[PDB]
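Keeping their order, the protein sequence lines are chains L, H and P.
Heads up: the first sequence is residues 1 to 214, going by the entry's author numbering.
Heads up: the second sequence is residues 0 to 52, 52A to 52B, 53 to 82, 82A to 82C, 83 to 100, 100A to 100C, 101 to 216, going by the entry's author numbering.
Heads up: the third sequence is residues 1 to 9, going by the entry's author numbering.
A virtual CB, placed ideally from N, CA and C, is assigned to each residue, including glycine.
All remarks here apply to the structure that follows.
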Amino acid sequence: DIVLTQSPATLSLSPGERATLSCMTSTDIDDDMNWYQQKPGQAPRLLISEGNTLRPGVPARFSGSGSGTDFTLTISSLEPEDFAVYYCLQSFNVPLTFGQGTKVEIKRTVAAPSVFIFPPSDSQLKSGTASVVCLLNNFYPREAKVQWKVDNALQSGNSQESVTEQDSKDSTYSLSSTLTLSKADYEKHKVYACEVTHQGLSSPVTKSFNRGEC
Amino acid sequence: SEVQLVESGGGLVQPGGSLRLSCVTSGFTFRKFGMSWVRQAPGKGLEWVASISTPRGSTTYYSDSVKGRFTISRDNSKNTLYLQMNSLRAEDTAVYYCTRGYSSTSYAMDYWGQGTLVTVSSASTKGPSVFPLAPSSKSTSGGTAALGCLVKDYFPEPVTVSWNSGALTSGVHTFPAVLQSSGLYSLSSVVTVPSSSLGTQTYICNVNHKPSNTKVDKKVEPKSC
Amino acid sequence: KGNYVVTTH
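Following this line, the structure appears as C-alpha cells:
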C-alpha cells in the first residue's frame, strides 16, 4: 500500500500569506494526486484532481504542483475561509490512500493559558469514583504539556485530554485534562497537582489542592 | 450543488452485528460513474473503504480492513449505492460517506454525501451524572474565576450543554467528548466569570441527553466551608 | 499503470 506523508501537520499562517502544503509518496504515482479541503462538520471538497487539474469553481489561488513522489498544494494568498484541514489522495493504485492531513490554522501572538484545578465533588465521591480536572484556558500556540502529580509522583496512563477548536474571536485554544482514580486510591493521597508547560509560560505553572481543604 | 448523494441506514449496532447502508443519488447519470465509500472515524482522517465499477458494477475493490466482511453493490434503476457491513467491530465506528468517482478512469472522489454515522458498541443507553467543577475558594479578588460541569458516563453521543438557559455564552468552553475505556463518554463544560460575581450571580449548567431522556440543571457554586 | 478498472465493458 502506498503511504502518503503530509507535512507540516500544522501550518500556522495569517490571512494574506502564501500557504505551501507538502505530500510525499512512498512510491512513484505518476501524476495521480488529488487534494481535498475539509471544514469541521462538513464533507470534504475536491480542489485539485489527477494531473494537477484545478476543479471548475475552485478559486484560482489554489494550485497543485509536482509529480512522481513529491507533491505540493499552494494557496497563493490565504482567505479567511481557507483555514481548514487539507488531505492528499493518491488514485494511482488500490487501495486508494490518503495523507493524514494538514491543518491550516490562524497564527497569532503567544498567549499563556490561565490554569485552574478542580477536585472531585462530594457527590461523585459518594459514587465510587474521583475525577480531577485541570483547565488550560485561552492559550496559543497549541502545544501544551499537562503533567499530573499526586503527592509529587508523576502520573501516567490515567488521564485523558480534550481541546476546543480555535476561538472565533481570539484565535486561542482551551484544553481540559481529567485524571481518573478510584475513590480508594484518591483517598490514600493528600496533594493533587496539575503542572502546565507552555512556551508562553517562562517556567511551568502548577495548580494544586490538598484533600480536605476548603 | 446539482449533484446530491444522500446516505441512510446508519446507526448503532453491537459488535458482531450487521448493517446495510444505502446512498441515493441525484443530479447525474448514475450508471455512468464509478462510486466509492470512504469513512472517517471520530477525530481522525479519511480512509477509503470500497469502490465499484460502472456500469454493471461487476468489478469491486476493498480495503484489507473490511475485505470479506463488507460488500459494495449498486442498483442503477434506483440510482442507489449499497454497503453491506457484516461482522462489525468497534473500530468500524465512523461517518461513512458515499462518493462519486470524478472520471471514467479514476475512483478519486469529486462529490461526497453528508455522511451517515455508524457506531459499533456493546454499551447500553445511559444518562450522565453531572458533577460541579466548583470555583476555587482562592479565586483572585477582583479577578477571573473558572467553574464548570463534568458530564460523566453517558451513552450514546450526543449531550448538549448550555449555561443559564443560554443567557451565558461569553467565556464558555464545552469540550469534545472523550470515549472512556468503559465504553461510556464524558465531557466537561467550563466558563470563566468575574471572581466578584461568585457570591451573588447564579451559574447553572443545563445538560440534556436526549437518548436517555436525561435533563439535568446543576447549580455550580462555591463549596461550603 | 494503475491496478484497477472503473469503466467496464
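Please check the pair residue i and residue j, which I expect to be a contact at CB under 8 angstroms, by giving their CB distance rounded to whole angstroms.
i: H/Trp103; j: L/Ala84; result: In fact, because the Cβ distance is near 15 angstroms, the residues do not count as touching under 8 angstroms.
i: H/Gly16; j: H/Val109; result: Actually they are not in contact, since the Cβ atoms of H/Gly16 and H/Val109 sit about 10 angstroms apart, beyond 8 angstroms.
i: H/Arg38; j: H/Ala88; result: 4 angstroms
i: H/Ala137; j: H/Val181; result: 6 angstroms
i: P/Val5; j: H/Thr56; result: 5 angstroms
i: L/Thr206; j: L/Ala111; result: The pair is not a contact, with the Cβ atoms about 19 angstroms apart (cut-off 8 angstroms).
i: L/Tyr87; j: L/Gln38; result: 7 angstroms
i: H/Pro149; j: H/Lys209; result: With 8 angstroms as the limit, H/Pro149 and H/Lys209 do not qualify as a contact, their Cβ atoms being about 18 angstroms apart.
i: H/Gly8; j: H/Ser21; result: 5 angstroms
i: L/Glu143; j: L/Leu78; result: The Cβ separation is near 22 angstroms, so there is no contact.
i: L/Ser208; j: L/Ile106; result: At roughly 33 angstroms, the Cβ-Cβ gap does not stay under 8 angstroms, so L/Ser208 and L/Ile106 are not in contact.
i: L/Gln90; j: L/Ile29; result: 5 angstroms
i: L/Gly64; j: L/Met33; result: 7 angstroms
i: L/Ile2; j: L/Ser26; result: 5 angstroms
What number of angstroms, rounded off, separates the C-alpha of residue i from the C-alpha of residue j?
i: H/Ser156; j: H/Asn197; result: 6 angstroms
i: H/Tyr194; j: H/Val163; result: 12 angstroms
i: L/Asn137; j: H/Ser25; result: 46 angstroms
i: H/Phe146; j: L/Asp31; result: 45 angstroms
i: H/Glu6; j: H/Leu78; result: 9 angstroms
i: H/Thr183; j: H/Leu80; result: 46 angstroms
i: L/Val104; j: H/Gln3; result: 28 angstroms
i: H/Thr99; j: L/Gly57; result: 22 angstroms
i: H/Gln13; j: H/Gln171; result: 17 angstroms
i: H/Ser188; j: H/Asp86; result: 47 angstroms
i: H/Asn204; j: H/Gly118; result: 8 angstroms
i: L/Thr197; j: H/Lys75; result: 57 angstroms
i: H/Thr93; j: L/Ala193; result: 49 angstroms
i: H/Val152; j: H/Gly139; result: 11 angstroms
i: H/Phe27; j: H/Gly44; result: 28 angstroms
i: H/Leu175; j: H/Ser115; result: 9 angstroms
i: L/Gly41; j: H/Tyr100A; result: 24 angstroms
i: H/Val23; j: L/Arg108; result: 44 angstroms
i: L/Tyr140; j: L/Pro113; result: 8 angstroms
i: H/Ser128; j: L/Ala153; result: 25 angstroms
i: L/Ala19; j: H/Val207; result: 46 angstroms
i: H/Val211; j: L/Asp82; result: 39 angstroms
i: H/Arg66; j: H/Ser82B; result: 6 angstroms
i: L/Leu125; j: H/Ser186; result: 26 angstroms
i: H/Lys214; j: L/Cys214; result: 7 angstroms
At what residues does the alpha helix (DSSP H) containing residue i begin and finish?
i: L/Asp185; result: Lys183 to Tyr186
i: L/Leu125; result: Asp122 to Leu125
Grab the span of the beta strand (DSSP E) containing residue i for me, first residue to last.
i: L/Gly66; result: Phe62 to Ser67
i: L/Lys149; result: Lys145 to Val150
i: H/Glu212; result: Here H/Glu212 belongs to no beta strand (DSSP E), and DSSP marks it neither H nor E.
i: H/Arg94; result: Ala88 to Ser97
i: L/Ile117; result: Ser114 to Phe118
i: H/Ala136; result: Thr135 to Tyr145
i: L/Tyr86; result: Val85 to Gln90
i: H/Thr57; result: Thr57 to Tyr59
i: L/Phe139; result: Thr129 to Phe139
i: H/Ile69; result: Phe67 to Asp72
i: L/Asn34; result: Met33 to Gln38
i: L/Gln160; result: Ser159 to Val163
i: L/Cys214; result: Here L/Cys214 belongs to no beta strand (DSSP E), and DSSP marks it neither H nor E.
i: H/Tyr194; result: Where H/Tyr194 is concerned, there is no enclosing beta strand (DSSP E), given that its DSSP letter is neither H nor E.
i: H/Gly10; result: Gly10 to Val12
i: H/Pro123; result: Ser120 to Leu124
i: H/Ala100B; result: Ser100 to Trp103
i: H/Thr160; result: Careful: H/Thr160 lies outside any beta strand (DSSP E) and carries neither H nor E.
i: L/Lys103; result: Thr102 to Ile106
i: H/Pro185; result: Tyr176 to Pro185
i: H/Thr151; result: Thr151 to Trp154
i: H/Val111; result: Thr107 to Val111
Quick one: any contact between the segment 65 to 72 of chain L and the segment 58 to 70 of chain H, if contact means 3 or more CB pairs under 8 angstroms? no
Stretch-stretch touch, CB-based, cutoff 8 angstroms, three pairs: the segment 130 to 141 of chain L with the segment 165 to 185 of chain L: yes
Taking a Cβ distance cut-off of 7 angstroms, strictly less, list which residues of the segment 8 to 40 of chain H are near chain L, in chain order. none
Quick check: the segment 19 to 35 of chain H against the segment 125 to 138 of chain H, are at least 3 beta-carbon pairs closer than 8 angstroms? Contact between the segment 125 to 138 of chain H and the segment 19 to 35 of chain H is absent, because fewer than three Cβ pairs lie under 8 angstroms.
Residues of the segment 179 to 209 of chain H with a CB closer than 9 angstroms to any CB of chain L: list them in chain order, please. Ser179, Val181 and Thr183
Of the residues that make up the segment 86 to 98 of chain L, which ones have a beta carbon closer than 8 angstroms to any beta carbon in chain P? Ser91, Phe92, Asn93 and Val94
So, does the segment 201 to 212 of chain L touch the segment 156 to 163 of chain L, judging by three or more C-beta pairs under 8 angstroms? no
Identify each residue in the segment 143 to 158 of chain H for which the Cβ-Cβ distance to at least one residue of chain L is less than 9 angstroms, and report them in chain order. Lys143 and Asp144
contact_flag[the segment 188 to 199 of chain L, the segment 84 to 104 of chain L] where n(CB pairs < 8 angstroms) is 3 or more: No: the two stretches stay apart, fewer than three of their Cβ pairs being nearer than 8 angstroms.
Which of the residues in the segment 39 to 68 of chain L, read from start to end, lie with their CB under 9 angstroms from any CB of chain H? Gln42, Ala43, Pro44, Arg45, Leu46, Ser49, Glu50 and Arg55
Under 8 angstroms: do the segment 11 to 20 of chain L and the segment 47 to 57 of chain L share three or more Cβ pairs, one atom per stretch? no
Name the residues in the segment 101 to 116 of chain L whose C-beta lies less than 8 angstroms from a C-beta of chain H; which are they? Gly101, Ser114 and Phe116
Identify each residue in the segment 119 to 132 of chain H for which the Cβ-Cβ distance to at least one residue of chain L is less than 8 angstroms, and report them in chain order. The residues in question are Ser120, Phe122, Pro123, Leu124, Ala125, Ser127 and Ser128.
Looking at chain H, which residues of the segment 130 to 146 of chain L have a Cβ within less than 9 angstroms of any of its Cβ atoms? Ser131, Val133, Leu135, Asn137 and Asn138
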